[PDB]
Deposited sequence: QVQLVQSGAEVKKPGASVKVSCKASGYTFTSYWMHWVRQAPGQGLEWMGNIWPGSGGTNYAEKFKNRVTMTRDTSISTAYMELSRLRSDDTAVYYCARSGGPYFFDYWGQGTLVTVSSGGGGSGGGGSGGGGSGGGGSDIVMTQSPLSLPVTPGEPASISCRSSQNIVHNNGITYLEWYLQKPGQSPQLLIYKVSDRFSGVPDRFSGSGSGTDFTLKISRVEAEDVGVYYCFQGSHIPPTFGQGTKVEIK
């Protein structure tokens, strides 16, 4: 099975450099993009650049283009992410995701928390909405622009970061649900507004839901609604 493993448990100082690995196993590591996503406290998931292990051709975010370097290790099947000149806001949880074909980040790495101390804006209309187990919930998401890509496929996605685990894809498209998740989740919407409708909230459904777009050059997540049991 596909299983991506990160170094994790990193503590640094401001102005220093941190480099974290991603041991990707269970698949051909050179046939899949190795995205890197950060989740700063008080903010939602933030894309920070990817790498193609087959050739080493990396893409970058404007906020990290001159600050982060990612290199792959083809022989040992391990991608790397080197963040230099760490600031006070650089403390986050860094995930090594893995781009699929119709979806983004099918499999995620456990997560690396680098605690350091001294663009289409996707915003979810609800925020930390509480519900009762059994009652259907609904998380709406608003995009700054129209995220319908030129190819005709909108890369709207919903990720459920359950407490203590990495984000997991729920709706791989605007409405296409992922494999291994129940029929309770049913993404919906078109154009600029996208809403996620859970038909029945269960105990396991508690977590932060992030509306994600990949149709623009920098993929952007939403702030995240912490769905909780009342």
Need the unmodelled segments of the deposited chain, numbered from 1, in order.
119-138
